[PDB]
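# An overview of the molecular structure
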Amino acid sequence: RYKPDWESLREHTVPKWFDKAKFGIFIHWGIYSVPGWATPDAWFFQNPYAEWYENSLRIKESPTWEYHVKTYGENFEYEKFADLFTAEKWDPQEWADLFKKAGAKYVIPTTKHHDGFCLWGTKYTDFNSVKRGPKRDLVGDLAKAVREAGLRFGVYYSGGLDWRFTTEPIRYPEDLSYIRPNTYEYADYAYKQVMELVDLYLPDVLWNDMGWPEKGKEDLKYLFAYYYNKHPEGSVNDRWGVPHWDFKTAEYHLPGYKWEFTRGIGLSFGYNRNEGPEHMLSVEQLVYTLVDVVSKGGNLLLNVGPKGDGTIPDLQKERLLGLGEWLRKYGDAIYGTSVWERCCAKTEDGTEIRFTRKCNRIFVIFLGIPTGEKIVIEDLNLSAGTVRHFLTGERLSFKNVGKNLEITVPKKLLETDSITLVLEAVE
Amino acid sequence: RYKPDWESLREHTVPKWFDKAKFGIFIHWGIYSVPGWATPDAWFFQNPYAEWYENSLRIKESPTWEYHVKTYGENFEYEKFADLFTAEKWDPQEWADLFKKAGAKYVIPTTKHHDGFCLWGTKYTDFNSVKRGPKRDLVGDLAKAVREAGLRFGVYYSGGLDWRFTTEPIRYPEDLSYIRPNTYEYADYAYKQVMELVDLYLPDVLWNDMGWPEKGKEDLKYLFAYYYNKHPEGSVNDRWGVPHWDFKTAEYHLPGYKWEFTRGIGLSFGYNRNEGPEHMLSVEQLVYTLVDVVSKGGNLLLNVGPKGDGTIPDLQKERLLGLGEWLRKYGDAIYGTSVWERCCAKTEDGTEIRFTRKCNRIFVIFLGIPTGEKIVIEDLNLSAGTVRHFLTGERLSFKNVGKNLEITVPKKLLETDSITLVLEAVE
Amino acid sequence: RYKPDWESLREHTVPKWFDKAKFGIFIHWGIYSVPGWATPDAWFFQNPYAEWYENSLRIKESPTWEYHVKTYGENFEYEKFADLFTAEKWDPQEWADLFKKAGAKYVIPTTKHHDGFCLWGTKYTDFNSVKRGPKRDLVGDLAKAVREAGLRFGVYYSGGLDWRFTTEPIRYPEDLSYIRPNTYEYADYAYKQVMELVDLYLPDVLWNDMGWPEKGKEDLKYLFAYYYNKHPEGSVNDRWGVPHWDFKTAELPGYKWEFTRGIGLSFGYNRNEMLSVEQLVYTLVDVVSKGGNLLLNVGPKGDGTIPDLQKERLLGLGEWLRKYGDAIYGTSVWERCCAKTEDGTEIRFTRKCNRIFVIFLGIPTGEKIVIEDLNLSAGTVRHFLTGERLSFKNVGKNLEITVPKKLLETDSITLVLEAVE
Amino acid sequence: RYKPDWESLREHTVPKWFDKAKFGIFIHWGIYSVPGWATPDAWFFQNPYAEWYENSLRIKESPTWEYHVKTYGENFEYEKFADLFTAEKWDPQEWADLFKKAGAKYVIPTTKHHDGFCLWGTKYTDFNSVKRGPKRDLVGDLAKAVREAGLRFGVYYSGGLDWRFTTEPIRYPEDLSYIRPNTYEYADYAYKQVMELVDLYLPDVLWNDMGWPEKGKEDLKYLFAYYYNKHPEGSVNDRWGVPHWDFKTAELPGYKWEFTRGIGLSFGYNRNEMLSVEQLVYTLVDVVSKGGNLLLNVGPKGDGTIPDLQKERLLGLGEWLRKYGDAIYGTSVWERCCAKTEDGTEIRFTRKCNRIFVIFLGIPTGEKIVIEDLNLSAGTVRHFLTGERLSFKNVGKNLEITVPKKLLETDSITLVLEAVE
Ligand SMILES: C[C@@H]1O[C@H](O)[C@@H](F)[C@H](O)[C@@H]1O
Ligand SMILES: C[C@@H]1O[C@H](O)[C@@H](F)[C@H](O)[C@@H]1O
Ligand SMILES: *[C@H]1O[C@@H](C)[C@@H](O)[C@@H](O)[C@@H]1F
Ligand SMILES: *[C@H]1O[C@@H](C)[C@@H](O)[C@@H](O)[C@@H]1F
């Protein structure tokens with residue numbers, strides 16, 4: 001039983017389901033999705049994250065302001081996007097089904113992003129999807145659908161930033177230090193809202209962003225204790241600005257700790273019209289990224305930015321479904337695995353290789369499919385055992401040659417693989 | 001003049017009236033009195049304190065939950081008891097008169113217990129007796145009546161616990177560390193409410209329970225300074241979780257400091273139907289307890305748990321009135337006394353003895369009436385003086401025999417006493 | 001048992017012996033006693049406290065600097081007075097006995113004053129009376145003598161100020177906010193020294209001066225708990241800078257406190273310098289009537305003798321106390337401290353159970369006495385010394401009492417009456 | 001690289017070797033070993049821990065005070081035991097080898113226990129084993145021997161308690177809240193000594209006891225970062241009083257922890273005083289099944305020999321561990337620790353990938369075994385030693401297994417089964 005102090009909360013280790021899940025879907029959706037626009041040390045003047053629309057708009061003359069004055073006019077307050085956000089083509093079951101086939105094991109929507117708009121029927125502000133726009137509990141309906149599809153549900157909350165409590169935009173990164181809600185009122189609000197999400201939706205992940213208000217950091221002792229005692233399988237990210245977390249997050253990419261890399265299929269998290277497939281990962285690069293991350297002990301949290309009407313952009317769909325097809329073939333070498341002696345190796349040709357492990361098995365995942373039958377892996381040796389082609393299970397001849405390892409794979413099997421050659425060695 | 005720091009507030013010593021009062025009446029009354037039910041390390045699963053009804057009810061399947069689903073049904077929220085709490089047979093003057101005859105010198109009702117329901121017309125919540133239930137300022141009406149009877153009035157406030165601000169029950173004692181209001185809002189609320197009680201009712205005791213919110217502990221510097229500067233005769237208990245108090249409290253029973261033992265006539269504080277006179281102190285044991293406590297420097301705060309309709313249970317009445325009859329006879333040996341060289345002694349027969357002191361006089365109070373004329377007190381010697389039978393004032397022969405003291409008391413006088421033989425020695 | 005937190009240490013109320021004591025003796029004695037000299041918002045430039053000699057000397061061209069540069073020389077360091085401090089005629093038994101006769105109930109010597117010189121054989125500095133000067137544990141020998149005479153023994157310690165750790169003089173009051181040892185080393189040193197006084201001598205009073213080093217204030221919850229648990233009748237003044245004290249100090253309250261002053265002005269002996277016996281009595285009575293103890297300072301000489309003038313006044317106090325002590329010892333405050341007669345004579349009150357002692361600061365010259373703005377419901381007023389019942393009457397707002405001249409002439413210094421109620 | 005803040009130090013998870021080790025040896029050895037005596041809410045008055053000898057001795061008239069005033073004399077100071085502590089028959093290689101044979105994977109000696117005596121050549125006190133007694137770096141020579149035998153080496157340090165800094169004995173538990181060194185000087189000393197252990201010996205475990213001085217707790221974020229950066233496979237217990245630990249200690253959790261106890265009751269050697277080999281095995285298994293390591297204490301004699309009784313039991317453990325070690329080393333917890341047969345025999349579980357080891361605390365006498373309130377979906381259950389497949393069946397809430405008597409008779413102390421799923 002967890003007590004509200006850091007020493008006791010350290011007893012809560014990362015839950016097993018999270019280490020085994022490997023792949024989760026982030027969803028950045030809100031009233032910013034309605035305009036759904038961003039540009040192609042002044043990152044905040046030329047912000048490619050469309051979720052940040054309100055911030056960009058508050059910086060007058062920026063590319064986001066100039067786009068806004070054309071489309072909606074100068075007297076359109078950012079706040080009015082909430083009435084246009086009717087999510088009328090939204091089918092939460094379709095989303096859930098899409099995420100399942102993508103091969104995702106958990107799903108995490110933005111319940112409240114930096115703009116302060118809440119995607120549930122919170123008692124603590126009318127600025128929410130039940131009283132405005134969709135007239136719908138979006139978070140609850142999505143949780144229901146996610147779990148009907150057999151998946152786990154978590155919640156994102158923008159604890160550290162809420163532009164309902166500020167009027168001034170972030171122009172440079174140092175503006176983050178002081179352009180914050182700052183009040184005791186806000187500290188209470190954020191604590192009350194995350195408590196509300198815990199009690200209403202029992203999420204398996206609490207995914208905070210942008211730190212936590214200084215005045216509320218001691219409250220997290222109590223929130224984490226409460227959450228873990230009610231829901232021990234629950235897990236917490238590392239963006240709270242306090243000594244406790246269950247896993248770490250990265251956005252720019254062997255650790256003995258659990259972590260999670262998150263990016264969008266493109267550059268933005270929120271839907272961005274102005275993006276296009278030249279800034280987007282191919283199915284191939286998405287598979288390589290997932291494989292690299294997993295070989296290094298991480299989970300991939302891949303983001304989807306839906307349109308204001310509740311449809312997921314065609315490109316995004318295609319990439320998720322292609323990722324899912326790869327995972328349907330090669331999932332055994334990803335789900336439920338642990339890191340091996342090292343993440344990485346390479347062939348003589350220059351093909352990168354990644355290792356995962358399930359018990360005695362070490363999966364050898366090639367980021368690419370070699371052209372010839374003679375594959376030579378550098379700096380690697382294997383004791384006596386059996387090496388097999390993963391997809392067909394076909395036995396393979398292998399030998400140790402100096403410090404390298406020569407494996408011989410029939411062309412017939414190579415032509416069978418998709419994106420990655422995968423082998424499998426039982427020592 | 002008191003300043004808001006601990007060093008200065010230490011100048012406020014326990015007021016004289018409190019050391020001299022000896023006997024006070026606690027009143028545990030609220031919407032929990034309406035169901036008025038509790039059971040005969042899992043103390044919170046089988047809670048015999050009926051005031052804790054809401055907590056017990058929130059623990060589903062507990063004896064309190066199962067009782068509730070029969071009597072009121074499953075869709076009866078705890079909060080609905082507030083509308084049934086009409087206190088329609090309440091006569092505050094009868095209560096006050098009863099407390100006077102019981103021999104009490106101060107009276108302290110629960111103004112707000114753990115359930116958060118307020119027995120006065122507070123401006124800071126509608127969850128109170130003026131807007132709901134009785135449609136009456138219960139605290140003000142009772143203070144008025146208590147003081148018309150010549151008694152002192154104090155207030156109990158549940159500062160540390162308020163289940164209006166939590167939804168989750170306390171299952172084990174460690175749940176107390178984190179299942180608390182926790183907010184800055186709550187710290188303000190509690191400070192504002194006790195300030196309100198001070199200004200409205202000018203209580204001679206501030207009786208806090210369950211500690212004080214961590215975020216509000218520095219406020220108590222200001223509250224105590226304010227209270228003492230406005231009302232210097234005022235006094236404060238030791239349940240605030242800060243370095244200052246006027247007296248200490250005990251619930252499980254020679255100190256150089258002032259303290260106060262509190263218990264119910266039975267086991268529960270709030271009315272409990274399910275109790276009955278086998279868990280209740282007799283008049284005899286109530287007198288012995290009072291005498292023991294007073295000989296050790298304490299006051300007894302004896303609790304009464306009224307029914308929802310505002311009547312005090314017959315048993316409770318009988319015991320108070322019997323206590324009062326004893327105090328009408330033997331009050332001189334209790335009221336206004338100080339502790340002697342030691343609290344205690346015993347006879348050859350095994351009868352416990354207790355000492356109190358008024359100036360040069362040392363009262364010798366026997367917890368029982370010995371059968372024979374020759375009483376022998378162990379380990380006690382008296383210099384030359386006069387020993388008298390207390391009730392009749394009759395002179396008595398006494399002598400020092402070794403380390404013991406032989407006193408000879410006529411049977412005629414012994415038959416005169418009630419419950420306790422009391423003697424009286426002027427050295 | 002006490003725990004090292006303030007909420008627990010509050011259970012330690014002022015011990016009853018201290019409440020009842022009423023009168024104690026301070027002793028300001030050290031190497032500053034050797035020169036024993038002070039002057040006849042520039043208080044530190046012209047300091048009349050002889051104990052502050054080192055500070056005054058560090059202020060160039062001050063009256064003390066001038067005296068020192070004539071009598072001892074400019075290159076005579078103050079610390080060398082330690083070699084001249086021999087205490088050749090010191091008899092702690094004489095001291096103990098004089099204090100007993102004066103009516104005192106406790107005795108408190110300076111174990112270490114601001115100059116940092118220690119009057120016991122401490123292990124944390126060589127700048128002490130065992131290694132230097134007298135070659136004697138002055139604190140230990142006085143404690144034994146004081147206790148053998150039946151008096152309580154306490155200790156003064158200059159925790160907040162130690163001029164072995166600072167070079168710069170205090171010139172103005174604000175200088176006290178920063179010219180302090182300031183180091184962690186000093187915080188440990190002070191803690192270790194008071195613990196040593198506790199372990200060695202188990203004093204009945206811990207009398208700190210000038211605050212406690214900021215870095216060491218959290219040590220005090222442990223020190224107090226340790227002290228109280230070894231010695232529950234011990235007591236602590238209020239010059240430590242923390243939530244807990246047993247009595248306040250000053251140089252009707254509900255709380256216990258203590259007024260301190262010298263028989264003259266300087267605490268340490270001053271040759272270049274006094275309350276009459278009358279004035280000492282009036283002061284005692286005044287202080288007691290307001291809930292206080294008087295802590296009266298004697299400043300002995302380097303050779304350990306208390307000057308005749310001081311010896312004589314303590315004895316005069318003691319004779320008054322032999323006569324009227326029942327109106328002083330073991331008393332508590334009445335509903336007020338003070339009153340006045342129609343002819344301007346001050347009155348003070350004390351209480352013992354049912355008796356109320358009425359102590360006139362003077363002996364009125366007339367039989368008919370009118371006390372202003374007082375009534376009594378007691379039913380007898382008596383002359384205290386004989387208990388003889390007197391005729392009195394509440395007349396409007398005043399109280400009229402007839403004391404026969406024969407009874408007035410029996411009193412010494414103070415007319416004392418006594419209402420039995 | 002780790003930074004000196006708690007949020008960063010949390011990246012240092014419990015090292016995998018410690019998770020897999022399961023069994024370590026504590027060694028309580030010092031000058032208290034010389035007298036080596038303890039008694040047969042007054043726990044400190046009648047202390048059975050021989051290591052606490054100095055504390056017990058400081059309590060006048062206690063059983064230890066009496067023994068000391070007969071055997072050594074009243075004026076024999078405890079610190080003089082340092083001269084009698086010569087460790088003449090000490091062979092760290094013998095120690096290293098016995099521990100290896102016992103199946104232990106790490107070894108942790110007391111470098112400094114509560115008495116403040118240091119078993120290495122520390123530069124911050126002369127009260128150590130190089131300047132006194134053995135004239136030898138005991139910590140350094142044991143570390144070399146332990147590592148040469150292929151075992152991990154850690155260090156115990158009594159940070160929270162050091163009786164060279166306190167005079168007053170612990171008499172009741174609450175005394176631990178204030179009878180502590182308490183000074184800044186001690187905070188530096190402890191920090192400097194643990195840094196010295198890190199610099200000199202790079203231990204694999206830092207095993208603090210009795211908390212860390214309050215004034216030094218902020219030093220620990222720097223010490224841990226420094227330690228981890230020099231030695232990433234290092235580890236830290238949970239008796240420092242700060243947010244960061246690698247494992248908890250005790251004398252199904254998701255976290256790593258460690259149970260510690262002696263082969264007998266006293267940690268330090270006690271002449272005036274034991275688990276059978278069976279009991280040690282059951283304890284190991286019990287602890288491991290709940291996610292723990294067992295840290296088993298030996299208390300050697302002043303001459304450096306471990307008594308026969310202790311040598312024999314460690315070896316008995318080691319033989320059991322040679323047989324059944326695959327069910328212990330490198331395992332993780334299953335979905336629960338424990339179960340019981342219908343006839344009252346306790347069961348414990350461990351896990352290695354797909355295999356689930358079923359370890360009976362006893363050898364059941366019958367072929368037909370019924371485990372209460374358990375089912376398995378695994379599809380084969382085997383006798384562990386041979387891997388022989390057994391007949392089993394889920395029957396309602398229970399699990400029925402037939403073990404042929406021939407297979408029961410092959411096991412030593414524990415019947416072990418094994419579900420491959
Ligand atoms: C009693 C008196 O206290 C003051 O604070 C000191 F400055 C002075 O020297 C003397 O010790
Ligand atoms: C391992 C054990 O730990 C306790 O905390 C100590 F008090 C004891 O002496 C021994 O060292
Ligand atoms: C914090 O981090 C990520 C997850 C995005 O939500 C970004 O917009 C926010 F600033
Ligand atoms: C605190 O203490 C006593 C006075 C009762 O009110 C109890 O119910 C509460 F928990």
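Looking at the method and resolution fields of the entry, one finds X-ray crystallography and 2.25 Å.

A word on the site of ligand 1. Residue and element names in this part refer to chain C. Neighbouring residues of ligand 1: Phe 26, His 28, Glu 51, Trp 52, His 113, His 114, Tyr 156, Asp 209, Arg 239, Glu 251 and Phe 267. In the model, an oxygen atom of ligand 1 is placed 2.7 Å from a nitrogen or oxygen of the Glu 51 side chain. Coverage of ligand 1 by the protein amounts to 94% of the 300 Å² it exposes when considered alone. Taken together, the residues of the shell around ligand 1 sort by class into 4 nonpolar, 3 polar and 4 charged.

Residue and element names in this part refer to chain A. Neighbouring ligand 3 are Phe 26, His 28, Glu 51, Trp 52, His 113, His 114, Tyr 156, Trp 207, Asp 209, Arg 239 and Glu 251. At a separation of 3.2 Å, an oxygen atom of ligand 3 approaches a polar side-chain atom of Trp 52. Here an oxygen atom of ligand 3 and a side-chain polar atom of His 113 are 2.8 Å apart. Per-class residue counts for the shell around ligand 3 are 4 nonpolar, 3 polar and 4 charged.

A separate point is the arrangement of the chains. The two units chain A and chain C never meet; even their closest C-alpha atoms stay 21 Å apart. The two units chain B and chain D remain apart, with a minimum C-alpha distance of 17 Å.

The next point concerns the interface of chain A and chain D. Listed per partner, the contact involves 16 residues of chain A and 17 residues of chain D. For the pair chain A and chain D, the number of links is 1 salt bridge. The partner of D:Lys248 in a salt bridge is A:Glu11, with the nearest N and O atoms 3.3 Å apart. Linking chain A with chain D are 7 residue pairs in polar contact. Taken together, the residues that form the side of chain A that touches chain D break down as 6 nonpolar, 3 polar and 7 charged.

It is worth spelling out the interface of chain C and chain B at this point. Contacts between the two partners involve 17 residues from chain C and, on the opposite side, 16 residues from chain B. When chain C packs against chain B, the two sides together hide about 1600 Å² of surface, and 51% of this comes from carbon and sulfur. Summed over the shared surface of chain C and chain B, the number is 1 salt bridge. Between the two partners, chain C and chain B, sit 7 residue pairs in polar contact. Here the side of chain C that touches chain B is composed, by residue class, of 6 nonpolar, 4 polar and 7 charged.

Right, let's get into the sheet that holds strand β14 (residues 386–389) of chain B. Residue and element names in this part refer to chain B. Taken in spatial order, the 8 strands make up an open sheet running β10-β11-β12-β17-β14-β15-β16-β13, and their pairing is antiparallel. The open sheet has two edge strands with one neighbour each: β10 (344–346) and β13 (374–377). Strand-to-strand, the axes of this sheet are offset by a mean angle of 30°, without reference to chain direction. Judged from the 5 bridges that link them, strand β12 (residues 361–366) and strand β17 (residues 422–426) form a sheet pairing that is antiparallel. Within the sheet, the bridge partner assigned to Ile 362 lies in β17 and is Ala 425. Strands β11 (352–358) and β12 of the sheet are contacted by helix α10 (residues 283–295), whose axis makes an angle of about 55° with β11.

What follows deals with helix α6 (residues 92–101) of chain D. Residue and element names in this part refer to chain D. Listed as buried for α6 are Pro 92, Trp 95, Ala 96, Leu 98 and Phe 99. Projected down its long axis, α6 carries its buried residues within an arc of 165°, all on one side. Next to the buried residues of α6 lie β1 (23–27), β2 (106–112), α7 (138–148), β8 (292–298) and α11 (308–324). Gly 103 lies just past α6 and shows a positive phi near 95°.

The rules behind these values
Numbers given to residues start from 1 along each chain, in the order its sequence is written, and need not follow the entry; residues that have no coordinates are not shown. Chains carry letters from A onward and ligands carry numbers from 1 onward, assigned in written order. What is shown is a subset of a larger assembly, and the numbers refer only to that subset. Excluded from the side-chain calculations are hydrogens and water; all other atoms, namely the structure's heavy atoms, are used. We define proximity as follows: a residue is near a molecule or strand when any one of its heavy atoms falls within 4 Å of that partner. Pairs of N or O atoms are called polar contacts if they sit within 3.5 Å, as long as, within protein, a hydrogen donor faces a hydrogen acceptor (for residues adjacent in sequence, only side-chain-to-side-chain pairs). Values of accessible area rely on a 1.4 Å probe in the Shrake-Rupley scheme; residue burial ignores everything except the protein chains shown. Note on residue categories: nonpolar means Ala, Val, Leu, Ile, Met, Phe, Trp, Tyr, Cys or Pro, charged means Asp, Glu, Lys or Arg, and polar means any other residue, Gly included. Here a residue-residue contact requires only that any non-hydrogen atoms of the pair lie within 4.5 Å. Here, a salt bridge means any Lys or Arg side-chain nitrogen found within 4 Å of an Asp or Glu carboxyl oxygen. We define buried area as the total accessible area lost by two parts upon association, computed with a 1.4 Å probe and summed across both. Between any two strands, pairing holds if DSSP finds at least two bridges. The secondary structure listing takes helices from DSSP runs of H or I that are at least 4 residues long and strands from runs of E that are at least 2 residues long, numbered from the N terminus. Whenever a helix is involved, its axis is fitted only over the stretch in contact; in every case the axis is a line through C-alpha atoms, and angles between N-to-C directions fall within 0 to 180 degrees. The cut-offs for exposure are 20% and 50% of the maximum accessible area for each residue type, with area from a 1.4 Å probe on protein chains only; residues under the lower value are buried, those over the upper are exposed, and the others partly exposed. This arc corresponds to the set of directions leading from the helix axis out to the C-beta atoms.

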